[PDB]
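Notes for the one structure printed next.
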Amino acid sequence: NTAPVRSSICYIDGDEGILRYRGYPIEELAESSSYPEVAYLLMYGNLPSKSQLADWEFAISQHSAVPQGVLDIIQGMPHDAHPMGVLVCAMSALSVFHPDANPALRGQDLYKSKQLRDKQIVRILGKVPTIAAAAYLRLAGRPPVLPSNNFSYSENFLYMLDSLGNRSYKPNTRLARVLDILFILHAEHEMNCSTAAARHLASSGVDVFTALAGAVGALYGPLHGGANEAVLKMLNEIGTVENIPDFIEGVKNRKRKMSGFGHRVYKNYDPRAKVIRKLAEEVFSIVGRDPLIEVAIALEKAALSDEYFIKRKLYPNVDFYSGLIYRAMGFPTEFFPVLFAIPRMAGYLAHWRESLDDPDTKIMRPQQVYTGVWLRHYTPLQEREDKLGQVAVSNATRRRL
Amino acid sequence: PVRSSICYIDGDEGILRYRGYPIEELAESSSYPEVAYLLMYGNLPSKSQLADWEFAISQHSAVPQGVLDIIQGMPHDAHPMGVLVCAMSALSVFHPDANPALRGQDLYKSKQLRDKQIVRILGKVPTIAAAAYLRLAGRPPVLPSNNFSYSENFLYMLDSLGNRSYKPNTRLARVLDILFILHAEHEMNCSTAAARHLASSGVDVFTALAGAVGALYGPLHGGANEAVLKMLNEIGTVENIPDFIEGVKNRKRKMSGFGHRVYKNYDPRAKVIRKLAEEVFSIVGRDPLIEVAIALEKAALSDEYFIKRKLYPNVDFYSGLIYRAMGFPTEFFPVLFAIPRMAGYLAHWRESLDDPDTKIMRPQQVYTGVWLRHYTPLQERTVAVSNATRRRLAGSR
Amino acid sequence: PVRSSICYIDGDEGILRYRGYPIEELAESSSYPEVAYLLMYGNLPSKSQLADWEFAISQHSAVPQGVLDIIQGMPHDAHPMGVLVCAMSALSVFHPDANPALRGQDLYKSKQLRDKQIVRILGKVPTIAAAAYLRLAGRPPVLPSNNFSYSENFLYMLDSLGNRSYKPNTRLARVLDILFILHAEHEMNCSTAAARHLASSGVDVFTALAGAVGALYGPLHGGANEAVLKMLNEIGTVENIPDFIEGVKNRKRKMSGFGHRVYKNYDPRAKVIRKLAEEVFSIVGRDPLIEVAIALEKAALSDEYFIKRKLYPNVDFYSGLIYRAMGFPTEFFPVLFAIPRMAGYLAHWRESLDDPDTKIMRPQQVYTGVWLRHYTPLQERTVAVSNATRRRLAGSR
Amino acid sequence: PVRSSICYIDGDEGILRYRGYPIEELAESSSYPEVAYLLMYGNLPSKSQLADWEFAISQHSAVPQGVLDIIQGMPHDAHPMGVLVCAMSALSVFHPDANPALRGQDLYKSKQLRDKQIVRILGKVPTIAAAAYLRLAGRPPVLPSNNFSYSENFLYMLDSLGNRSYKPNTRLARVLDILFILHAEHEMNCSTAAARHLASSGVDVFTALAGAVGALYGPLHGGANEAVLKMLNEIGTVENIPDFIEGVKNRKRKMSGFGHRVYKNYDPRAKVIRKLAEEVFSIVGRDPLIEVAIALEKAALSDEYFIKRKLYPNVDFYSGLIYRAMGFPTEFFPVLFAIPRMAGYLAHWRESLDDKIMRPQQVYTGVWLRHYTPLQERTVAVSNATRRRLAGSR
């Protein structure tokens with residue numbers, strides 16, 4: 001707490017559900033707008049003109065031709081890995097593949113032009129979805145396919161998601177729009193470790209690639225991502241509906257724990273849950289259902305009839321339904337966290353110039369308490385508790401003598 | 001609040017205390033693994049302790065080879081800093097037993113794995129730095145050795161020319177080790193702030209640091225030496241010095257390379273590297289930048305500017321001239337500055353994982369935007385420099 | 001049935017003989033190719049035979065750039081057993097000159113071919129058994145360097161420090177050879193017959209060996225260390241010894257399987273090897289997997305319940321222990337049962353090629369299907385799990 | 001001693017049945033996947049059952065992406081069956097469902113695991129194996145589309161010439177489908193015993209079928225009809241009918257591939273293969289060599305010597321004639337001979353998990369016991385490489 005810095009992209013009150021993107025509330029943007037629209041709304045404050053953003057969309061389209069360096073660096077990676085590490089490595093390579101764009105060696109005055117801001121933002125937006133899809137389908141085995149640029153951001157990703165080089169493959173509107181809305185819902189969150197580090201990365205005058213590298217690497221940790229897979233495996237191992245009674249009493253007497261029905265940010269009224277529920281029903285119509293989906297539906301219906309869930313504010317959260325939806329698009333659990341990151345960068349970039357134009361943010365001296373020896377003098381190693389990093393020497397008796 | 005007891009700086013007196021030890025006491029006789037274990041645990045490494053520490057450091061000196069495929073991946077003219085961060089990102093990926101993606105949170109709580117990965121990354125980083133140096137010339141890379149300690153083993157890595165019977169010049173090895181130790185750790189800085197800010201937020205130590213080191217890419221300190229280098233180069237002959245001595249006092253041209261924004265009284269590091277600069281001039285010779293540098297050092301002190309303004313030759317001057325002496329290319333300084341800082345990040349990261357009582361709460365903010373607006377469709381939207389033109393626009397025109 | 005002049009097993013008594021030669025005197029002071037020849041050609045060879053056989057098998061091993069490329073980048077989602085099976089399957093074609101189905105109609109009936117073939121195949125495995133480790137930690141390929149004995153070269157393929165100027169250890173080779181002779185020959189067993197007589201007429205020799213080793217991979221049908229890997233874990237160092245030794249009496253926590261598939265009472269060979277085992281115990285270091293096994297073997301050979309059910313750790317358990325202690329991975333358990341078992345099956349191949357007593361097995365099937373059922377045409381016919389990967393079907397729509 | 005109800009060879013009369021279903025009501029009123037379902041389950045599928053079963057077989061054909069690396073990675077004069085075994089041995093290190101080390105107890109227990117593995121085998125067999133024929137042809141692999149018939153799918157993937165939407169002729173596909181059922185399974189030849197023994201051993205299916213196909217090429221069931229091809233050359237022109245056959249009646253002129261090891265009487269299979277052979281004649285022509293085969297067969301059908309010995313040509317002869325009519329390499333023939341047999345393995349597989357190790361007996365013939373002397377006093381190979389460099393240096 002004790003706010004030393006300001007935020008101008010949005011005002012948020014999760015305990016009251018007040019979402020205030022540039023004064024505009026969340027619901028209108030969710031039900032009416034699109035991802036580039038909310039991106040413009042957050043970065044510029046106002047709402048844009050068709051042309052204003054037509055130009056924006058066409059600028060973003062004229063990108064996504066990533067060097068072969070990332071492609072063979074991710075094909076040169078073994079089949080067992082984590083795809084988001086693939087993202088961060090390819091994006092560090094993007095840092096490498098654009099040495100002309102860095103200000104780190106041409107002084108801290110190089111970044112004073114608006115044109116370079118526009119170019120960096122448009123390049124990052126064009127490049128990220130292609131890289132995400134390439135990592136996805138490379139983990140699926142199929143080599144990263146090349147981009148065809150005739151669809152919207154979500155639908156161009158869908159073509160990038162799987163096309164097999166086909167021209168006939170057309171996007172599905174329903175899943176595209178629900179995925180766009182889900183992107184909007186996770187377009188920004190109250191300042192995480194990533195944004196806090198990124199404001200000072202901007203204060204350091206370093207490449208935007210590297211700054212968002214630090215941001216996404218902050219997003220890597222299971223502090224953020226360790227919810228969706230946890231809830232998915234909760235539902236998987238709870239299994240059949242017959243295991244629901246002995247489970248629900250298990251939370252009534254506090255011998256079993258439910259993950260996904262509680263979140264401090266929203267333990268109460270949040271119509272975004274209703275929005276994603278309607279989108280979930282549409283997704284069920286467009287693709288079908290899975291046994292875990294039916295089990296979750298039965299569990300939530302029992303929960304509504306149960307006083308323990310409502311009284312303790314244990315109502316299903318956004319992460320629960322959203323993860324069900326990511327499963328519904330046939331996405332593996334391992335590829336969950338990346339889907340939570342593609343939109344957030346937008347809001348992160350919305351702070352970049354916002355952090356650049358704020359004079360207060362600079363290089364800082366953090367405060368600390370040094371209780372160590374104030375004055376201890378060195379001693380030669382002549383007159384002179386732990387295993388000292390005990391290395392198991394059992395496979396080194398034949399390969400290392 | 002966030003608090004740690006890793007080290008102390010006396011700003012007025014310019015004192016560095018790695019657990020109460022003056023930095024000069026270290027640089028007089030210390031070894032790199034010795035001071036690494038010293039600061040990262042707050043206690044001196046004893047005979048058995050230091051022996052086991054250097055043993056472990058020398059054992060896993062071998063770096064994986066997937067990262068060698070990686071270094072072959074990056075182009076010839078690539079800046080080694082991005083090369084370095086990419087290399088450790090690939091290394092992260094290349095240690096599945098050490099990542100939180102498949103081992104939960106307990107994996108980063110046991111002391112045995114903590115150390116193991118600490119010494120692992122401490123081995124890996126200089127190997128990749130040497131690979132970057134050597135591939136920078138396009139020459140085929142080399143294997144690591146294990147029959148020495150840290151700095152001179154790295155130098156044995158640096159100079160083999162295909163001959164595995166080389167050896168390190170002990171004077172050169174010692175001076176390089178002192179060069180590494182001088183920039184070991186400063187009390188909490190912006191890069192260090194990002195370091196432990198990531199660290200306590202449950203992320204994989206690998207790429208973890210990857211960033212913290214990319215934080216130095218900025219010209220906060222990664223371009224400071226280039227400034228003094230280019231100014232001394234553009235000055236030229238000694239004849240240009242006197243008028244430029246007036247010129248700097250005329251406020252038309254600034255002077256960096258003299259003093260410190262956090263140390264003033266002194267920085268014993270400047271004295272010790274002055275001694276080592278005399279030694280390196282003795283052991284390698286003289287070059288035109290060297291005598292112009294020493295002439296500036298002798299002349300600028302006589303002028304009343306530094307007498308009244310107070311600007312005492314900063315470690316930057318001697319570090320840059322020594323780097324020029326050691327055959328280091330101009331662009332290779334920042335990774336060299338990166339090599340020492342890894343010890344500080346490792347110590348801070350281990351300490352941060354040590355104490356669960358320290359938390360990074362969600363900071364408050366005060367909105368500076370409008371309190372209420374509303375959405376209208378766009379059709380009625382009443383009515384840039386996004387894409388460069390005259391290149392493809394003219395091509396299509 | 002088959003005529004046995006090669007080796008006999010008294011499974012219910014406990015004496016094994018390589019052509020009427022008891023295991024004791026033979027295995028104590030013999031060599032791997034000596035045993036190979038003696039099994040191969042009846043009466044024991046002479047020094048000239050020794051020189052010819054050893055020189056030929058040493059010279060006929062190296063492979064320039066063959067099946068190595070089929071590995072060194074391919075994923076490892078299981079044990080290298082499949083890797084080695086694929087490796088020798090490709091070796092079956094990298095030298096098509098070693099094939100009888102492409103010239104005339106039969107060629108192993110030629111003594112010179114059969115001889116050169118058998119020499120190579122007995123000596124060909126080392127070069128790819130080298131790659132058996134080359135794709136689990138990732139060191140670059142090293143030359144076979146065919147200038148030593150069988151086990152000496154084979155362990156140099158693992159112990160070379162990536163260096164062309166390293167001398168392999170010899171006592172490790174001696175241990176490997178004695179253990180090879182320990183697991184040298186068994187009579188018909190899981191697929192062991194199913195390969196031999198199948199190559200009696202057959203079409204090739206590589207394919208039969210690959211099929212046999214592939215059929216001998218599972219945790220308990222010829223291997224015994226894959227299963228007991230977990231029963232050796234989670235039992236601490238000394239504190240869980242009473243717990244496990246009481247649970248095994250109470251049947252709650254015990255081992256997987258002991259003895260052989262025909263041997264269950266007595267085996268005098270491994271006992272002396274067990275003594276040499278403790279010679280290993282003080283030279284290859286210590287780790288929780290071995291000291292616990294020491295007390296297990298001490299207890300589970302004379303305690304009450306074990307002698308009730310004749311549960312003493314089998315020869316496979318000791319072999320896996322000694323090998324994993326050598327410096328081998330926790331998985332190289334079956335790749336080495338191949339080395340002497342192959343030689344046994346080569347001797348079986350020659351013998352079965354000699355005696356014409358390899359007959360196909362007649363059927364005694366129980367046909368429960370009806371003797372006649374009428375037409376059931378689909379057109380007049382009126383309407384499994386069929387569960388499929390159907391992640392998305394509306395994408396194309 | 002093997003006891004099973006999969007099939008019944010009746011050599012003296014010629015009454016074969018698939019779970020009780022004879023060829024006479026199958027080769028003209030059924031499809032190969034339908035018989036596959038029958039032999040999996042011992043009962044006829046229904047039209048909806050057939051629909052879901054064919055959907056399941058078709059949908060799953062995801063070849064692993066490494067095989068492209070292997071196929072263009074060995075000496076290029078490799079043996080076709082050798083390329084087959086290399087490719088599928090490479091497959092053996094791809095799918096982690098076939099590791100008995102991982103599944104300690106649950107290897108092949110659930111019906112889900114069973115049928116999933118069955119389809120995982122069947123779907124990608126030719127793509128893994130028969131697509132290597134393109135390499136000897138010299139063309140890159142063509143990805144299959146499982147919207148055609150399975151035999152049509154095979155003909156599409158092998159014969160496409162480089163077109164995305166090629167249409168295989170939907171007349172030969174029925175013949176290729178029937179050819180499987182004609183010579184689907186036969187008991188205890190050499191390798192079915194190996195398959196049942198290894199399935200008793202309780203192993204995975206990948207290495208099992210790899211060893212099985214490697215052992216199939218035994219030139220008593222692998223050289224099914226190669227040898228007679230050489231005979232089809234020594235006749236030359238048809239005018240060598242009488243003089244040759246009397247020489248055969250003199251027992252002085254070589255012959256091959258007549259009768260059968262387990263069959264010696266009439267077979268409706270002979271009639272159906274004759275009809276299929278003449279139909280493939282009519283649709284894709286011949287060479288004079290096929291006419292030579294026809295002439296020698298018509299000579300054998302009217303010669304008293306063969307009638308005395310109840311001699312009729314084996315099915316493999318007409319199978320080779322048909323495979324030559326469709327213009328495929330003769331040494332490529334074993335590929336066109338290994339596809340159906342594995343099917344009867346799978347049911348065997350399933351049935352082998354329903355009812356052991358089965359070590360056979362033997363007789364010891366060598367010396368019983370003798371003393372051993374160390375190698376030093378063991379004083380007093382079989383080839384010495386006559387082209388000796390030392391002998392060329394001394």
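Starting from 1 in every chain, residues are counted up; chains themselves are A, B, ... following the order of the structure tokens, and ligands are numbered from 1 as listed.
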Sorted by chain and rising residue number, which residues of chain A lie within 8 Å of chain C, and what are their closest atom pairs and distances in Å to one decimal, counting only C-alpha atoms, as a tab-separated table?
```
residue	atom	partner	partner_atom	distance
A:78	CA	C:75	CA	6.9
A:79	CA	C:75	CA	6.7
A:169	CA	C:396	CA	5.4
A:170	CA	C:396	CA	6.0
A:171	CA	C:395	CA	6.5
A:172	CA	C:397	CA	5.9
A:286	CA	C:394	CA	7.1
A:287	CA	C:394	CA	6.5
A:328	CA	C:391	CA	7.5
A:329	CA	C:392	CA	6.4
A:330	CA	C:391	CA	4.2
A:331	CA	C:391	CA	7.6
A:392	CA	C:287	CA	7.1
A:393	CA	C:285	CA	6.5
A:394	CA	C:327	CA	5.5
A:395	CA	C:327	CA	3.5
A:396	CA	C:327	CA	5.1
A:397	CA	C:327	CA	4.4
A:398	CA	C:327	CA	4.2
A:399	CA	C:159	CA	4.7
A:400	CA	C:159	CA	6.9
A:401	CA	C:159	CA	7.5
```
Kindly export the residues of the current selection with C-alpha atoms, as an mmCIF file, in the first residue's frame.
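What landed in part.cif:
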```cif
data_model
loop_
_atom_site.group_PDB
_atom_site.id
_atom_site.type_symbol
_atom_site.label_atom_id
_atom_site.label_comp_id
_atom_site.auth_asym_id
_atom_site.auth_seq_id
_atom_site.Cartn_x
_atom_site.Cartn_y
_atom_site.Cartn_z
ATOM 1 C CA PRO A 78 13.183 -30.879 -27.196
ATOM 2 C CA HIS A 79 9.562 -31.978 -27.308
ATOM 3 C CA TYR A 169 -10.213 -22.632 -44.069
ATOM 4 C CA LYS A 170 -12.550 -19.920 -42.776
ATOM 5 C CA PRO A 171 -12.821 -18.705 -39.166
ATOM 6 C CA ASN A 172 -15.722 -19.576 -36.882
ATOM 7 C CA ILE A 286 -20.845 -24.501 -31.022
ATOM 8 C CA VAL A 287 -18.549 -27.393 -30.008
ATOM 9 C CA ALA A 328 -13.621 -26.433 -24.840
ATOM 10 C CA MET A 329 -11.495 -24.992 -27.652
ATOM 11 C CA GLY A 330 -9.432 -28.182 -27.400
ATOM 12 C CA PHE A 331 -6.480 -26.522 -25.694
ATOM 13 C CA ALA A 392 25.546 -37.102 -5.598
ATOM 14 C CA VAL A 393 28.561 -38.898 -7.087
ATOM 15 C CA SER A 394 27.029 -42.187 -8.213
ATOM 16 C CA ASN A 395 26.637 -41.800 -11.995
ATOM 17 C CA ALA A 396 30.019 -40.029 -12.144
ATOM 18 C CA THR A 397 31.988 -43.164 -11.213
ATOM 19 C CA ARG A 398 31.933 -44.339 -14.852
ATOM 20 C CA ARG A 399 31.611 -41.051 -16.781
ATOM 21 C CA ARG A 400 33.779 -38.850 -14.522
ATOM 22 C CA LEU A 401 36.103 -41.424 -12.896
#
```
List every residue of chain D that has an atom at most 10 Å from any atom of chain A, giving for each one its closest atom pair and the distance in Å to one decimal, counting only C-alpha atoms, sorted by chain and then by ascending residue number, as CSV.
```
residue,atom,partner,partner_atom,distance
D:63,CA,A:141,CA,9.9
D:64,CA,A:141,CA,7.6
D:65,CA,A:141,CA,6.2
D:66,CA,A:141,CA,9.0
```
Please, what distance in Å, to one decimal, runs between CA of residue 233 (chain D) and CA of residue 288 (chain D)?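 Atom-to-atom, CA of residue 233 (chain D) and CA of residue 288 (chain D) are spaced 11.1 Å apart.
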Residue set, region 130-335 of chain A restricted to alpha helix (DSSP H), as a VMD selection string: chain A and resid 130 to 139 153 to 161 173 to 185 193 to 203 208 to 220 222 to 225 228 to 238 245 to 252 272 to 287 291 to 305 307 to 311 318 to 328
Within 9 Å of chain C, which residues of chain B show up? Give each one with its shortest atom-to-atom distance in Å (one decimal) and the two atoms involved, counting only C-alpha atoms, rows by chain then rising residue number, as a Markdown table.
```
| residue | atom | partner | partner_atom | distance |
| --- | --- | --- | --- | --- |
| B:64 | CA | C:138 | CA | 7.4 |
| B:65 | CA | C:138 | CA | 6.8 |
| B:66 | CA | C:138 | CA | 8.3 |
```
